[PDB]
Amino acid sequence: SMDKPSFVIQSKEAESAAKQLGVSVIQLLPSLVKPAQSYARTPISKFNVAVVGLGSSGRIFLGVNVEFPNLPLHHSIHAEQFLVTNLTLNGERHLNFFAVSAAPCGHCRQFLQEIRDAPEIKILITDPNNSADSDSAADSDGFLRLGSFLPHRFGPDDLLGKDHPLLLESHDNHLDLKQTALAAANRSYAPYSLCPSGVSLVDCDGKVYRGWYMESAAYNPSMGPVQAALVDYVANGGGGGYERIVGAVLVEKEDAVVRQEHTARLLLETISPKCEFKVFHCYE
């Protein structure tokens, strides 16, 4: 019962599996890391990184790194970012623990700062070559809180004063293949630059997907709207990259500050030639 795990594991199925092994639900995380590495679509690096996290609801979420060949590296999505997107799409309110296959890069540790109480997030690293589990401030299970991984951070408070996180009910008000990409943009997260984005995708078997746009205090570690929609295809989907068809809406103000129009098409046309146009017209 340790092969081919689901990308989202229900609370009843998780605590039961831990009870038969005699371990805790927290202690079950590193046992789910190794099999999840097979899901890694890494054409470039051939380096499989998986991360399995636990929320406050009790549900177990999975995160996996994906890469895009023939594109610049900043189009690639790390495992840590995948986990955040995965639980956000399922409406998970909190993230407390996660076991990762390898030491999280600074790019991801900076990205995690968008979550409330981010430094309190305990982290365990599976990589035997890494020795974070043996730190002087480590847990009794080897977990180490994110605050120790990224001390003296550059958080959202450095640009804003008293704001809402990304995992909360981000629902800004603004106004059928395109009708689904509207509700995706409503759940976007861009408090630094006021440019939300929502991306929906269809399948050859008629599966509806979604993606939005979540910003970080540091600009570069931003999760692309298209990229956040491709995670809804690999997980809970068929698993195909040259089978993308539909495009989606971009809520720019006359293409104001953060244009993702041309970058979306450039990305899709390289991974799937049979792409469609986009509509960059939305207000409020």
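Residue positions are given as counts along the sequence shown, with the first one as 1.
Participant: Checking chain continuity here. Are there deposited residues lacking coordinates between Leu175 and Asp176, and if so is it 1 to 3, 4 to 9, or 10 or more (or none)?
Facilitator: 10 or more residues are missing.
Participant: Out of 121-129 and 179-187, which stretch has the higher average CA B-factor listed in the record?
Facilitator: Stretch with the higher mean C-alpha B-factor: 179-187.
Participant: Would you tell me which stretch averages the higher CA B-factor in the PDB entry, 262-270 or 7-15?
Facilitator: Mean B over CA atoms: larger for 262-270.
Participant: Choose from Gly247, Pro221, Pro35, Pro30 the residue with the greatest Cα B-factor as stated in the PDB record.
Facilitator: In this record, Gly247 carries the highest C-alpha B-factor of the candidates.
Participant: From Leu83, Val202, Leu112, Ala99, can you pick the one with the highest C-alpha B factor in the entry?
Facilitator: In the PDB entry, the greatest C-alpha B-factor among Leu83, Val202, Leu112, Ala99 is found at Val202.
Participant: Could you place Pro165 in the lowest, middle or highest third of its chain by Cα temperature factor, using the values in the record?
Facilitator: Ranked within chain, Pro165 CA B lands in the highest tercile.
Participant: Could you look up the Cα B-factor of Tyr242 in the entry and say which third of the chain it sits in: lowest, middle or highest?
Facilitator: As the PDB entry reports it, the C-alpha B-factor of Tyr242 lands in the highest third of its chain.
Participant: Per the entry's values, where does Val234 land by CA temperature factor relative to the rest of its chain, in the lowest, middle or highest third?
Facilitator: According to the entry, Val234 has a C-alpha B-factor in the chain's middle third.
Participant: What third of the chain, by the recorded C-alpha B-factor, contains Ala228?
Facilitator: Middle third of the chain for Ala228's C-alpha B-factor.
Participant: Divide the modelled residues of the chain into thirds by Cα B-factor and specify which third, lowest, middle or highest, holds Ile44.
Facilitator: Tercile = middle for this residue's CA B-factor.
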